[PDB]
$ cat entry.tsv   # TSV, N, CA and C atoms
chain	number	residue	atom	x	y	z
A	38	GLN	N	111.29	63.98	115.74
A	38	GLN	CA	111.25	62.58	115.33
A	38	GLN	C	110.11	62.33	114.35
A	39	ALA	N	110.47	61.92	113.13
A	39	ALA	CA	109.48	61.58	112.12
A	39	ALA	C	108.77	60.27	112.44
A	40	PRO	N	107.49	60.19	112.09
A	40	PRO	CA	106.70	58.99	112.35
A	40	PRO	C	107.09	57.86	111.40
A	41	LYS	N	107.06	56.64	111.91
A	41	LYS	CA	107.40	55.47	111.11
A	41	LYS	C	106.40	55.27	109.97
A	42	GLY	N	106.92	55.04	108.77
A	42	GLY	CA	106.07	54.89	107.59
A	42	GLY	C	106.20	56.10	106.66
A	43	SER	N	106.69	57.21	107.21
A	43	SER	CA	106.89	58.42	106.43
A	43	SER	C	108.06	58.28	105.47
A	44	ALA	N	108.11	59.16	104.47
A	44	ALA	CA	109.15	59.11	103.46
A	44	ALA	C	109.62	60.51	103.07
A	45	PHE	N	110.88	60.62	102.67
A	45	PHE	CA	111.47	61.91	102.36
A	45	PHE	C	111.94	61.98	100.91
A	46	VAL	N	111.88	63.17	100.33
A	46	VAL	CA	112.36	63.39	98.97
A	46	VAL	C	112.95	64.78	98.81
A	47	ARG	N	114.12	64.86	98.19
A	47	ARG	CA	114.77	66.14	97.95
A	47	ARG	C	114.52	66.63	96.53
A	48	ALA	N	113.92	67.81	96.41
A	48	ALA	CA	113.72	68.45	95.12
A	48	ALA	C	114.94	69.28	94.73
A	49	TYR	N	115.87	68.65	94.01
A	49	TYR	CA	117.11	69.31	93.64
A	49	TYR	C	116.97	70.04	92.31
A	50	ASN	N	117.28	71.33	92.31
A	50	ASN	CA	117.18	72.15	91.11
A	50	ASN	C	118.52	72.23	90.38
A	51	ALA	N	118.65	71.47	89.30
A	51	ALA	CA	119.90	71.42	88.55
A	51	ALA	C	119.92	72.47	87.44
A	52	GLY	N	118.86	73.27	87.37
A	52	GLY	CA	118.74	74.29	86.34
A	52	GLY	C	119.07	75.67	86.89
A	53	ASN	N	118.90	76.69	86.05
A	53	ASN	CA	119.23	78.06	86.43
A	53	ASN	C	117.98	78.92	86.57
A	54	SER	N	116.87	78.28	86.92
A	54	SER	CA	115.62	78.99	87.14
A	54	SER	C	114.75	78.27	88.17
A	55	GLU	N	113.84	79.02	88.79
A	55	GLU	CA	112.94	78.45	89.78
A	55	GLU	C	112.04	77.38	89.17
A	56	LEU	N	111.90	76.26	89.87
A	56	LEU	CA	111.09	75.15	89.39
A	56	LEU	C	109.87	74.93	90.28
A	57	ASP	N	108.74	74.62	89.66
A	57	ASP	CA	107.50	74.39	90.40
A	57	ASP	C	107.39	72.95	90.87
A	58	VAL	N	107.57	72.73	92.16
A	58	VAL	CA	107.60	71.39	92.72
A	58	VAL	C	106.22	70.96	93.20
A	59	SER	N	105.79	69.77	92.79
A	59	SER	CA	104.54	69.20	93.27
A	59	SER	C	104.54	67.68	93.12
A	60	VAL	N	104.43	66.98	94.24
A	60	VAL	CA	104.49	65.52	94.24
A	60	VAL	C	103.11	64.92	94.46
A	61	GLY	N	102.64	64.14	93.49
A	61	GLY	CA	101.34	63.49	93.59
A	61	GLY	C	100.21	64.49	93.38
A	62	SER	N	99.44	64.73	94.44
A	62	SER	CA	98.36	65.70	94.40
A	62	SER	C	98.63	66.87	95.34
A	63	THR	N	99.84	66.92	95.88
A	63	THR	CA	100.21	67.96	96.83
A	63	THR	C	101.09	69.02	96.18
A	64	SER	N	100.69	70.27	96.30
A	64	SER	CA	101.50	71.39	95.82
A	64	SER	C	102.58	71.75	96.84
A	65	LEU	N	103.83	71.77	96.39
A	65	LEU	CA	104.96	72.01	97.28
A	65	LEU	C	105.64	73.33	96.95
A	66	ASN	N	106.65	73.68	97.75
A	66	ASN	CA	107.33	74.96	97.60
A	66	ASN	C	108.27	74.95	96.41
A	67	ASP	N	108.42	76.10	95.77
A	67	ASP	CA	109.34	76.24	94.64
A	67	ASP	C	110.79	76.18	95.10
A	68	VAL	N	111.67	75.77	94.19
A	68	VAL	CA	113.09	75.64	94.51
A	68	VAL	C	113.93	76.62	93.71
A	69	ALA	N	114.85	77.30	94.38
A	69	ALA	CA	115.66	78.34	93.75
A	69	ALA	C	116.67	77.74	92.79
A	70	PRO	N	117.15	78.55	91.86
A	70	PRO	CA	118.15	78.11	90.89
A	70	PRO	C	119.35	77.48	91.58
A	71	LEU	N	119.78	76.33	91.07
A	71	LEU	CA	120.93	75.63	91.63
A	71	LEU	C	120.79	75.44	93.13
A	72	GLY	N	119.56	75.23	93.58
A	72	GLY	CA	119.29	74.99	94.99
A	72	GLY	C	118.57	73.66	95.20
A	73	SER	N	117.97	73.49	96.37
A	73	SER	CA	117.20	72.29	96.67
A	73	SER	C	116.28	72.51	97.87
A	74	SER	N	115.26	71.67	97.98
A	74	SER	CA	114.35	71.72	99.12
A	74	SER	C	113.87	70.32	99.50
A	75	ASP	N	113.98	69.99	100.78
A	75	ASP	CA	113.57	68.68	101.27
A	75	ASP	C	112.09	68.67	101.64
A	76	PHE	N	111.38	67.63	101.20
A	76	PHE	CA	109.98	67.46	101.55
A	76	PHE	C	109.72	66.07	102.12
A	77	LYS	N	108.60	65.92	102.82
A	77	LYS	CA	108.27	64.66	103.48
A	77	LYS	C	106.78	64.36	103.38
A	78	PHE	N	106.44	63.08	103.30
A	78	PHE	CA	105.04	62.66	103.29
A	78	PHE	C	104.81	61.52	104.27
A	79	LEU	N	103.68	61.57	104.97
A	79	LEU	CA	103.32	60.54	105.93
A	79	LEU	C	102.93	59.24	105.23
A	80	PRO	N	102.07	59.36	104.23
A	80	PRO	CA	101.62	58.20	103.47
A	80	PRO	C	102.61	57.85	102.37
A	81	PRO	N	103.19	56.66	102.46
A	81	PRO	CA	104.10	56.16	101.43
A	81	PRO	C	103.33	55.67	100.21
A	82	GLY	N	104.04	55.51	99.10
A	82	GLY	CA	103.44	54.99	97.88
A	82	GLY	C	104.04	55.66	96.65
A	83	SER	N	103.49	55.34	95.48
A	83	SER	CA	103.96	55.91	94.23
A	83	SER	C	103.31	57.26	93.96
A	84	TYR	N	104.14	58.28	93.72
A	84	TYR	CA	103.65	59.62	93.43
A	84	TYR	C	104.31	60.19	92.18
A	85	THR	N	103.64	61.14	91.55
A	85	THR	CA	104.20	61.85	90.41
A	85	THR	C	104.98	63.08	90.85
A	86	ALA	N	106.30	62.96	90.92
A	86	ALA	CA	107.15	64.02	91.43
A	86	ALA	C	107.48	65.03	90.33
A	87	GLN	N	106.59	66.00	90.13
A	87	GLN	CA	106.82	67.07	89.17
A	87	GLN	C	107.72	68.15	89.75
A	88	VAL	N	108.82	68.43	89.05
A	88	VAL	CA	109.72	69.50	89.45
A	88	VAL	C	109.99	70.45	88.30
A	89	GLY	N	109.10	71.42	88.11
A	89	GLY	CA	109.25	72.41	87.06
A	89	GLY	C	109.08	71.78	85.68
A	90	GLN	N	110.18	71.68	84.94
A	90	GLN	CA	110.15	71.18	83.58
A	90	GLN	C	110.25	69.66	83.55
A	91	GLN	N	110.60	69.07	84.69
A	91	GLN	CA	110.74	67.62	84.80
A	91	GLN	C	109.59	67.02	85.60
A	92	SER	N	109.33	65.74	85.38
A	92	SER	CA	108.30	65.02	86.13
A	92	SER	C	108.56	63.52	86.12
A	93	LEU	N	108.86	62.98	87.30
A	93	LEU	CA	109.22	61.57	87.42
A	93	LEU	C	108.30	60.84	88.38
A	94	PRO	N	107.95	59.60	88.04
A	94	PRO	CA	107.09	58.79	88.89
A	94	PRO	C	107.86	58.22	90.07
A	95	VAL	N	108.28	59.09	90.97
A	95	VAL	CA	109.10	58.69	92.11
A	95	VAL	C	108.26	57.96	93.16
A	96	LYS	N	108.59	56.69	93.39
A	96	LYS	CA	107.94	55.91	94.44
A	96	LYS	C	108.60	56.15	95.79
A	97	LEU	N	107.80	56.51	96.78
A	97	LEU	CA	108.31	56.83	98.11
A	97	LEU	C	108.04	55.69	99.09
A	98	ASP	N	109.03	54.82	99.27
A	98	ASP	CA	108.94	53.76	100.26
A	98	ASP	C	109.02	54.32	101.68
A	99	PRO	N	108.37	53.63	102.61
A	99	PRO	CA	108.34	54.07	104.00
A	99	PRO	C	109.71	53.92	104.66
A	100	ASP	N	110.03	54.86	105.55
A	100	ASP	CA	111.30	54.82	106.26
A	100	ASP	C	112.48	54.86	105.29
A	101	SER	N	112.41	55.76	104.32
A	101	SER	CA	113.44	55.86	103.30
A	101	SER	C	113.54	57.28	102.76
A	102	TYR	N	114.76	57.71	102.44
A	102	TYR	CA	114.99	59.02	101.85
A	102	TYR	C	115.22	58.92	100.35
A	103	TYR	N	114.84	59.97	99.63
A	103	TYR	CA	115.08	60.04	98.19
A	103	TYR	C	115.69	61.38	97.80
A	104	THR	N	116.56	61.36	96.80
A	104	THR	CA	117.07	62.59	96.20
A	104	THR	C	116.79	62.64	94.71
A	105	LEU	N	116.03	63.64	94.29
A	105	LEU	CA	115.61	63.76	92.89
A	105	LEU	C	116.30	64.93	92.21
A	106	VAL	N	117.19	64.62	91.26
A	106	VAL	CA	117.83	65.65	90.46
A	106	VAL	C	116.97	66.02	89.26
A	107	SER	N	116.50	67.26	89.24
A	107	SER	CA	115.70	67.77	88.13
A	107	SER	C	116.51	68.73	87.27
A	108	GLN	N	116.85	68.30	86.06
A	108	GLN	CA	117.60	69.13	85.13
A	108	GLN	C	116.75	69.50	83.92
A	109	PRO	N	116.27	70.73	83.90
A	109	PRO	CA	115.45	71.22	82.79
A	109	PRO	C	116.20	71.11	81.47
A	110	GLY	N	115.66	70.31	80.55
A	110	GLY	CA	116.24	70.17	79.22
A	110	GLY	C	117.45	69.25	79.23
A	111	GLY	N	117.62	68.53	80.33
A	111	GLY	CA	118.75	67.61	80.48
A	111	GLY	C	118.28	66.22	80.87
A	112	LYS	N	118.95	65.62	81.85
A	112	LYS	CA	118.62	64.28	82.31
A	112	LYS	C	118.48	64.23	83.82
A	113	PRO	N	117.28	63.92	84.29
A	113	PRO	CA	117.02	63.82	85.72
A	113	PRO	C	117.57	62.52	86.29
A	114	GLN	N	117.77	62.49	87.60
A	114	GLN	CA	118.31	61.31	88.27
A	114	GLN	C	117.71	61.15	89.66
A	115	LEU	N	117.06	60.01	89.88
A	115	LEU	CA	116.53	59.67	91.20
A	115	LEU	C	117.50	58.78	91.97
A	116	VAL	N	117.79	59.16	93.21
A	116	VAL	CA	118.66	58.37	94.07
A	116	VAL	C	117.92	57.91	95.32
A	117	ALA	N	117.88	56.60	95.53
A	117	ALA	CA	117.28	56.03	96.73
A	117	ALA	C	118.27	56.01	97.89
A	118	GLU	N	117.79	56.37	99.08
A	118	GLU	CA	118.63	56.44	100.26
A	118	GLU	C	117.91	55.90	101.49
A	119	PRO	N	117.77	54.59	101.56
A	119	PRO	CA	117.12	53.94	102.69
A	119	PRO	C	117.76	54.37	104.01
$ encode --input "entry.tsv" --output "structure tokens"
Amino acid sequence: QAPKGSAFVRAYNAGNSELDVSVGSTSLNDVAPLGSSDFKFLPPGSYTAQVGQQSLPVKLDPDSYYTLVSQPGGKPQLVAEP
């Protein structure tokens, strides 16, 4: 059971190479080609969601899930999922 106030974000790799994932000031695990990895943070707020060649100012609201599509050299897409 996740604690109330926490937030989730999916680092989706839409490219064909490993991407370096890091949200805000936290270094996260790399994501495999055409793969994805779910991450979570206790403290909600606005963070810089860097995913390899992409970097989006993804705001993480409390008690909410996010899916971030990172497409190197293409167009990224953030999806909110309360």
$ atom_distance --input "entry.tsv" --atom1 "CA of residue 113 in chain A" --atom2 "CA of residue 42 in chain A"
26.0 Å
$ select_by_dssp --input "entry.tsv" --residues "range 38-112 of chain A" --states "strand (DSSP E)" --output "PyMOL selection string"
chain A and resi 44-50+58-60+63-64+73-78+82-83+86-88+91-93+96-97+101-107
$ residues_around --input "entry.tsv" --residues "residue 72 in chain A" --least-positions-apart "3" --cutoff "6 Å" --atoms "all atoms listed in the file" --output "PyMOL selection string"
chain A and resi 48-51+68-69
$ atom_distance --input "entry.tsv" --atom1 "atom N of residue 55 in chain A" --atom2 "atom N of residue 71 in chain A"
6.9 Å
$ atom_distance --input "entry.tsv" --atom1 "CA of residue 105 in chain A" --atom2 "CA of residue 62 in chain A"
17.4 Å
$ closest_residue --input "entry.tsv" --among "A:75, A:100, A:67, A:118" --to "residue 46 in chain A" --atoms "all atoms listed in the file"
A:75
$ residues_around --input "entry.tsv" --residues "residue 85 in chain A" --least-positions-apart "2" --cutoff "7 Å" --atoms "only C-alpha atoms" --output "JSON, numbers by chain"
{"A": [60, 61, 87, 92, 93, 94, 95]}
$ axis_aligned_box --input "entry.tsv" --around "range 94-108 of chain A" --padding-each-side "5 Å" --output "lines of an AutoDock Vina configuration file"
center_x = 112.5
center_y = 61.6
center_z = 95.1
size_x = 20.7
size_y = 25.9
size_z = 32.3
$ closest_residue --input "entry.tsv" --among "A:106, A:40, A:53, A:58" --to "residue 86 in chain A" --atoms "only C-alpha atoms"
A:58
$ closest_residue --input "entry.tsv" --among "A:116, A:56, A:111, A:44" --to "residue 76 in chain A" --atoms "all atoms listed in the file"
A:44
$ closest_residue --input "entry.tsv" --among "A:80, A:99, A:70, A:89" --to "residue 57 in chain A" --atoms "all atoms listed in the file"
A:89
$ closest_residue --input "entry.tsv" --among "A:101, A:38, A:91, A:114" --to "residue 59 in chain A" --atoms "only C-alpha atoms"
A:91
